[PDB]
Amino acid sequence: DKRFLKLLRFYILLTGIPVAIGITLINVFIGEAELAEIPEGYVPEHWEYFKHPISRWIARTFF
Amino acid sequence: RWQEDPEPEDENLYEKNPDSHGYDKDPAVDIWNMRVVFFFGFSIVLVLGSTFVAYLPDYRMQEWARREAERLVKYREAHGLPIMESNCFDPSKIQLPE
Amino acid sequence: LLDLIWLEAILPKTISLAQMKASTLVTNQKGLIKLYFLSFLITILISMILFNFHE
Amino acid sequence: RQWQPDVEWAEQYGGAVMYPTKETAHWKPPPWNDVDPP
Amino acid sequence: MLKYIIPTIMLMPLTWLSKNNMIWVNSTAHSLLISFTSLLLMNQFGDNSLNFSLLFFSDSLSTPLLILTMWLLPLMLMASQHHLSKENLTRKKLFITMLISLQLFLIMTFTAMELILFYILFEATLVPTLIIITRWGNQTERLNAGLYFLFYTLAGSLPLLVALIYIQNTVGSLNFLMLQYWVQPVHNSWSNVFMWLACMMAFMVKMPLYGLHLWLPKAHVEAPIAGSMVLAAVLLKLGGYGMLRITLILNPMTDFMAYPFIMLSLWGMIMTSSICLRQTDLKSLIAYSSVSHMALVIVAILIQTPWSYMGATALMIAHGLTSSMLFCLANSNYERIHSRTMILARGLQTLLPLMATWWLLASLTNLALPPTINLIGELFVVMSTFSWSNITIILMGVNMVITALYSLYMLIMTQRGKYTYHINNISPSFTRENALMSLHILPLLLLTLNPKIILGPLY
Amino acid sequence: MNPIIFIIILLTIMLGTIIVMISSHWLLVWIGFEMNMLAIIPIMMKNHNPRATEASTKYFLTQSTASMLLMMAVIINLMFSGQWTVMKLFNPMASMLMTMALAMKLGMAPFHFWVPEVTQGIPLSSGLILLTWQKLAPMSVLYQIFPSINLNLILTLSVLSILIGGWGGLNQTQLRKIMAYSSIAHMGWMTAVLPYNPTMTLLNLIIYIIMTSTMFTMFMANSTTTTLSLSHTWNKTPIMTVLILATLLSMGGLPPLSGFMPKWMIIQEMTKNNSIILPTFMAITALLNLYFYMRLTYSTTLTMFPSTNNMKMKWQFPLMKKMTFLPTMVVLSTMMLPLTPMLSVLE
Amino acid sequence: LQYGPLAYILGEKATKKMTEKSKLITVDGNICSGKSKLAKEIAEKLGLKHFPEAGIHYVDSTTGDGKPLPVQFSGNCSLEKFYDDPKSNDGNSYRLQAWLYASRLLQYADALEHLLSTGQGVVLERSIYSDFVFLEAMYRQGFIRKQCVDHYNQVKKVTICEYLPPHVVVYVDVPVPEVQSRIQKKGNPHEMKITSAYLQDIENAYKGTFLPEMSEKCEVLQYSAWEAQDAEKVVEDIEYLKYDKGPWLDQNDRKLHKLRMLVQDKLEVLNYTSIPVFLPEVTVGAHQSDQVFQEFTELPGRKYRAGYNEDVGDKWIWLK
Ligand SMILES: CCCCCCCCCCCCCCCCCC(=O)OC[C@H](COP(=O)([O-])OCC(O)COP(=O)([O-])OC[C@@H](COC(=O)CCCCCCCCCCCCCCCCC)OC(=O)CCCCCCCCCCCCCCCCC)OC(=O)CCCCCCCCCCCCCCCCC
Ligand SMILES: CCCCCCCCCCCCO[C@@H]1O[C@H](CO)[C@@H](O[C@H]2O[C@H](CO)[C@@H](O)[C@H](O)[C@H]2O)[C@H](O)[C@H]1O
Ligand SMILES: CCCCCCCCCCCCO[C@@H]1O[C@H](CO)[C@@H](O[C@H]2O[C@H](CO)[C@@H](O)[C@H](O)[C@H]2O)[C@H](O)[C@H]1O
Ligand SMILES: CCCCCCCCCCCCO[C@@H]1O[C@H](CO)[C@@H](O[C@H]2O[C@H](CO)[C@@H](O)[C@H](O)[C@H]2O)[C@H](O)[C@H]1O
Ligand SMILES: CCCCCCCCCCCCO[C@@H]1O[C@H](CO)[C@@H](O[C@H]2O[C@H](CO)[C@@H](O)[C@H](O)[C@H]2O)[C@H](O)[C@H]1O
Ligand SMILES: CCCCCCCCCCCCO[C@@H]1O[C@H](CO)[C@@H](O[C@H]2O[C@H](CO)[C@@H](O)[C@H](O)[C@H]2O)[C@H](O)[C@H]1O
Ligand SMILES: CCCCCCCCCCCCO[C@@H]1O[C@H](CO)[C@@H](O[C@H]2O[C@H](CO)[C@@H](O)[C@H](O)[C@H]2O)[C@H](O)[C@H]1O
Ligand SMILES: Nc1nc2c(ncn2[C@@H]2O[C@H](COP(=O)(O)OP(=O)(O)OP(=O)(O)O)[C@@H](O)[C@H]2O)c(=O)[nH]1
Ligand SMILES: N=C(N)NC(=N)NCCc1ccc(I)c(Cl)c1
Ligand SMILES: [Mg+2]
């Protein structure tokens, strides 16, 4: 039982720590988008309608 | 009434491999099976999958609708209009029977 | 009373008994040429006298 | 271990018919090679 | 959907061309990869569904059912590889192929745009499921469980085929997107009454509706562990998914045609919850518990309200993870003592402490402890049925009490008390078993953080 | 039989059928049936045992009686129309006689009694011809005269055959009797749709022939004629048990296998005609067929029956029977459903 | 081509290769009757092909690489254990006898196939026609049950009817007291446990049933232990035979073609030796039969059809 919990903890942290750090670095150094009016005669890409950089990247890459 | 093999003995994986993970009798295969389940099950699907779900781009327009409702409420109150009307459709485009 | 009995009885159990009985009726035959062709005569007679398949 | 049919289970399907009745009581399986003795 | 159908098909050659000792490692690894990619289906829009082609589409109802479907396959493989260890290689590969083909039919069933295509795949699931139960079940009664499972389903499904074909002739199309715009009201008449019954009875047997449920406890007690997991987690939800779609074209006749089935469900849930209090077979107790849980789903689908449809979707997903986990928990005991009698092995918490924790969490979800999605879905249905008729809160409330009683009776009977003296082969829990339990409960409890993704199209 | 004589007799069985299918004159249709019956008797008698003689005699009496009724219908038709053209008949009594005659030839209930007996009494290879090729000639005549057929008569025959075939097979352990009752049930489906869409009669006939030929060939491969003899296949050729299982499920009409295609298309055509009760009853009654198909799968593929010690000797020798076209037939028997729209080539 | 209707049509008829030396000869007699020695002398002198008596492992000698297989693939039938414990609870006595009839049936088909394909005669030591003398002896001594005898007669009824009897049957008559004396000199410890009642039963069945039956349809030559030493007189006796009885006179190329199609396909030969008659002696459970069949396929050159086994050196498999 002890070995399983240690293995479970290790593999969650194997990616959980890098993700937690990646999220923090994205939040601090890239930041969120700023809401703005659509400039006259401008056609935003479908992923420019979202605020958080990770959400924008998900929309641009997969959706 | 026949020639039949007796029922086999029940095997315990720990007797021959005390470090067995319960996946396979072969210790090398047993460890690799443990790793793929844990890496792909927990490190990938659960951790990245939860991250992916948390950052979905405005799932089902819920945030857009709130921003849109704020705009409509501001506009309709600045011009004395009702916040909401009982009719969904303009009655001038409806021809009642009779 | 309900789950191991009556719900079992009022459908799956009774249905299977019906088919098993009908199967014995259909297949319990004597293999006699005389009887089979005699039933052909009855069939042809019914088709005309009772059902008017000839019209 | 997993149950598999035994002789008693198999004998259900070796009779002349699947559903015994009084009428077919005397029926017997046909010859293995279809040839009835003269 | 080809990005899921084709890799699912490729799992077959991967299994057959794998080294002898790597069939379980390879199929598990790559079925987990497919499950990962299924999250891309979560691109759901507020107004329109995600319509891939003339054949397949995905909306907020099918998306969670697809993600649950593709998640279960790797879990089923982990759950099956121990009792299949003595099987010869070709038959192991055949067993895995049946599981892969089931996933292939299921993902296609949930995304089929046309109802007759849905019907064919909805029936195709019978074949692999029947083969798994009758070929790899353990006891003599698996042959009869296969027949009851097969003929109950076909008894209702053949009328559905006639009704669907009739609808296509009358309306011109069975494309679900077209039916949304071309649907016409159903006027009272004896013809429409039987059209209603033909459209719904097949799905009622799958749920199963109380009265048509006797096949389910048979199937579970005889099925192998993977057979029970898919049966309980996903196959029962075909009926609910079909009802949620077909009810579109049955209004307003469903207003009064629902009554006999609501009474069966409302009373049935109490009867089957009470039956669980006296079951002697652990697998039979859990199977009866599913009938009680799906009675709620039938009522929610039939009363046809936005809250009830959201509760049904949450309940279908929550029950799938919970019920599957309970079967895996019961199976881990079975692999030690080789019996399903609940009273045989007691006080197991003293011998398997961590496994007793999984039993606790599975029980707590089964009785719908807030804020688990089990409670969210059940609460939404209770909220909606109270508006349907205030008196229903008495039946819903009573069922809550009995559900807690039998969930904890199961926990107290097997985990607490004194261990059976003569049982001395309770070996410590394997990593495989502990991982299997955690891959059920962890996604279940995580979903509490973001319930909206399992609340369906009415959200 | 001398091999060249066997070939010449088979070519005459085929020629008799072909004459029926290409004839425009009722006399030549009658000749086609006479020639076909002349050549089929020797292949039933080829094993010279009392059971074969009884089967040939029972077969001869049934088919000779049917051909006499057919000639009677032809002559009545000549009297009331003064012509021999193969087409709709010009007198209702002629139509009843011709329809009844062809029902006797097809072995449809209540003229079915001979089919299980004759099939049981002749070798498997002879039974394969009797239950497949022999259906072609009567079906091709029904295809041409259906506009004049009495709707009540033909649908009554179809309903009886579906019921009798389904109930009769439940009590059978002999594989040749099972196939015979399965044939009667399937003939019912073919003729139920004939009044509405003849093309669906052809589709059901073609798929039925393919599946029946697959079953008979698979029985011949191992020389099995009883349920228990077939239950030993798992201990000799495991692959065959899987092919038997798939073919039987297809014959049961389960999706997504090929045998679901004709029942699906026949239900469609009838519903387009506002025939709802009849297709529903037929589909439910066909569950009887699925039951004794599934019983065979249980004792063949899904469980392992007891074996004998002498089976070990058979392990050392390969299957030397021809099994002509079997790999192709089994694939068509099971995997054709995605190609269903191809049925229009029969239009 | 492989023999078949086409080869038959293209001129390959049995009567073209057959002569007056195309004969089937079987040597019978009790145990330790010198029948094996005489069988080799008739064969070599007459120019025929000698078949040693079919034993437990005969089928192995004709398939694979010809070496005997582990006993488990013969069902653990043992002739030694039959002498030690003829009344063993395992049912070894009848299981052995049922196995031996099948082996003889296969050998008889082999011998007939050799005769029809080449026209050369063959010499056999006992055959399916005389196999029952051992079954009768076992029953009379209480070694097998009456149900076993019924199974044996069922299998024999639907198998023997297909074949033709020997042209010549040769019987070497040796009284039981001398057989019991010769067994001692041969000095096999297991065979030394045989009793005279068993031997007398074999003698009775031979004289009471076999020879009277074989005379009505074959040529029977009976010799004493002394007379059988002079093989040349025996070979002289055979050559002056008339052959005016038995079915062989009624055969033609058409009937012999049908016979050759049967005997060349061994699975068709052994079809009824495994009729589904659930006798405890010969019935094998599913678990045991599955396990043993799996081991068989793992033996060298036994997984695939002959010629498709890379593990024993077969080549060009991707073009075969
Ligand atoms: C990573 C970054 C990137 C993201 C990727 C993420 C990917 C997912 C990974 C995350 C999951 C990782 C988990 C594995 C880590 C390794 C674990 C380990 O090593 O130790 C093993 C661990 C302890 O080690 P051990 O003692 O040596 O084990 C031996 C025994 O088996 C031990 O047995 P035991 O008997 O001693 O204990 C068993 C059980 C027995 O106890 C019970 O079950 C009683 C249940 C009581 C019900 C209480 C009602 C629910 C209250 C919470 C509801 C939420 C709303 C509340 C209001 C607002 C809250 C803010 O106890 C518990 O489970 C603890 C209960 C904790 C929940 C109760 C509330 C906690 C306080 C409130 C939380 C506040 C939120 C956080 C703060 C917010 C700011 C961030 O034992 C286990 O195996 C348990 C594993 C299962 C953990 C469940 C976690 C689920 C996730 C949370 C979802 C929350 C949703 C709400 C659900 C409410 C529950 C019904
Ligand atoms: C926790 C681990 C998760 C792993 C998956 C996510 C990996 C990628 C995370 C963030 C990637 C960078 O995210 C991206 O940043 C830039 C801003 O710098 C944005 O890009 C936008 O701003 C830049 C300015 O920098 C301009 O060129 C322009 O206006 C536009 O392209 C994108 O809209 C956003 O999607
Ligand atoms: C909604 C309508 C659905 C229609 C579906 C129709 C499917 C019918 C399938 C055929 C059923 C026949 O199945 C047959 O039934 C009978 C009665 O139960 C069973 O009979 C069994 O139980 C009865 C009572 O103990 C005994 O008399 C009998 O000796 C025993 O074999 C047979 O074992 C079974 O082979
Ligand atoms: C004319 C068109 C025909 C198209 C055919 C295209 C594919 C042709 C493939 C030919 C090569 C197959 O190779 C053959 O199969 C398997 C799978 O590799 C090999 O051996 C296999 O053994 C086991 C399982 O069987 C595993 O370790 C692994 O799957 C493989 O090593 C065989 O030893 C080889 O003889
Ligand atoms: C839960 C996590 C899911 C993990 C899924 C694992 C499988 C990953 C599949 C990768 C798919 C990438 O697909 C590829 O990406 C590029 C961007 O780089 C995209 O290329 C283009 O697509 C979008 C629209 O589709 C365009 O508006 C945009 O200009 C561009 O990004 C395409 O979508 C595709 O060409
Ligand atoms: C409500 C819509 C769906 C209804 C479907 C109902 C049709 C029947 C489905 C099950 C068919 C199983 O087919 C047959 O059924 C009967 C009972 O029913 C079983 O019969 C079983 O119980 C009977 C007595 O109760 C015993 O005598 C028998 O030994 C036992 O097998 C057979 O073992 C099974 O072969
Ligand atoms: C678990 C099983 C559940 C079973 C549920 C059973 C539901 C019963 C529904 C009863 C209503 C049936 O549908 C009802 O039938 C009657 C005929 O009798 C129809 O009556 C129609 O034809 C009659 C002819 O006499 C006219 O007089 C009447 O004006 C007209 O409405 C109604 O149009 C329809 O409202
Ligand atoms: N139970 C049984 N034993 C048999 C059978 N055929 C041979 N045997 C045994 O095989 C052994 C040798 O058989 P024999 O050929 O007759 O004796 P031999 O040693 O070869 O001496 P010769 O007669 O001169 O050839 C004897 O112990 C027989 O009992 C048989 O059909 N059944
Ligand atoms: N005789 C019938 N009952 N039906 C029928 N064949 N109708 C004719 C309609 C039709 C359908 C498909 C095609 I392709 C074509 Cl050319 C014609
Ligand atoms: Mg010797």
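In what follows, every heavy atom counts, from backbone to side chain, and hydrogens, waters and symmetry copies are set aside. Note that ligands are numbered from 1 as they come in the structure, with each ligand's atoms numbered from 1 the same way. Numbers restart at 1 for each chain; the letters A, B, ... are given by sequence-line order, proteins then strands.
- For atom 6 (C) of ligand 2, the candidate residues are A/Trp57, A/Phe50, B/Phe52; the nearest heavy-atom contact is made by A/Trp57.
- Of the candidates E/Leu40, B/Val45, A/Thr61, the one placing a heavy atom closest to atom 17 (C) of ligand 5 is A/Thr61.
- Remark: the E/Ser62 side chain and the E/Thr111 side chain contain no N/O donor-acceptor pair separated by less than 3.5 Å.
- A/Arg56 NH2, 3.8 Å is the protein heavy atom nearest to atom 21 (C) of ligand 2.
- Here the shortest heavy-atom distance to atom 12 (C) of ligand 2, taken over A/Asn27, A/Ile30, B/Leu48, B/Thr51, belongs to A/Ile30.
- The 12-atom threshold is not exceeded at CE of F/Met335, counting heavy atoms of other residues, nucleotides or ligands nearer than 6.0 Å.
- With respect to atom 9 (C) of ligand 2, the closest heavy atom belonging to the protein is A/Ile26 CD1, 3.7 Å.
- A donor-acceptor contact closer than 3.5 angstrom links the side chains of A/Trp57 and A/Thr61.
- Every N/O-N/O distance between A/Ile23 and ligand 2 stays at or above 3.5 Å.
- Scanning the protein heavy atoms around atom 1 (N) of ligand 9, the nearest turns out to be F/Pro198 CD, 3.7 Å.
- For atom 16 (Cl) of ligand 9, the protein comes within 4.0 Å by no heavy atom at all.
- Considering only non-hydrogen protein atoms, atom 10 (C) of ligand 5 sits nearest to A/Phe62 CE2, 4.1 Å.
- F/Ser148 and F/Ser95 share a donor-acceptor pair across their side chains, judged by distance under 3.5 Å alone.
- The protein heavy atom nearest to atom 31 (O) of ligand 2 is A/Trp47 CH2, 4.2 Å.
- Per-atom contact check: atom 9 (C) of ligand 9 does not touch the protein, criterion being a heavy-atom distance below 4.0 Å.
- Shown here, atom 4 (N) of ligand 9 is in close reach of the protein: a heavy atom of it lies under 4.0 Å off.
- The six-membered or imidazole ring of E/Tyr241 lies near that of E/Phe110, with a centre-to-centre distance under 6.0 Å.
- Proximity of atom 29 (O) of ligand 5 to the protein is not indicated, since no non-hydrogen protein atom lies closer than 4.0 angstrom.
- What sits closest to atom 13 (C) of ligand 9 on the protein, heavy atoms only, is F/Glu347 CD, 3.8 Å.
- Scanning all protein heavy atoms for the shortest distance to atom 34 (C) of ligand 2 gives A/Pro53 O, 3.9 Å.
- The protein reaches atom 4 (C) of ligand 5 closely, with a heavy atom under 4.0 angstrom from it.
- Judged by a 6.0 Å distance limit and a 45° cone about the ring axis, A/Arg60 is positioned over the six-membered ring of A/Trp47.
- Panel note: side chain A/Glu37, backbone A/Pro39; no donor-acceptor pair is recorded below 3.5 Å.
- When only non-hydrogen protein atoms are considered, atom 7 (C) of ligand 5 lies nearest to E/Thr37 CG2, 4.2 Å.
- At a 4.0 Å heavy-atom cut-off, ligand 2 does not touch A/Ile58 at all.
- Here the protein heavy atom with the shortest distance to atom 2 (C) of ligand 2 is A/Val19 CG2, 4.3 Å.
- Two rings, from E/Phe52 and E/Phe56, have their centers 6.0 Å or more apart.
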Show your reasoning for whether side chain to side chain donor-acceptor pair (under 3.5 Å) applies to A/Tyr42 and A/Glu48. CA-CA 12 Å; A/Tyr42 184 66; A/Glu48 296 185 82; 3.3 Å; yes
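- Taking the ring centroids of A/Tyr11 and B/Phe38, they lie under the 6.0 Å cut-off.
- Protein heavy atom at the shortest distance from atom 22 (O) of ligand 5 is A/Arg60 O, 4.1 Å.
- When only modelled atom types and interatomic distance are considered, E/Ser173 and E/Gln168 share no side-chain donor-acceptor pair under 3.5 Å.
- Ranking the protein heavy atoms by distance from atom 2 (C) of ligand 9 puts F/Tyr196 O, 3.4 Å first.
- At most 12 heavy atoms of other shown residues, nucleotides or ligands fall within 6.0 angstrom of atom CD1 in F/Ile277.
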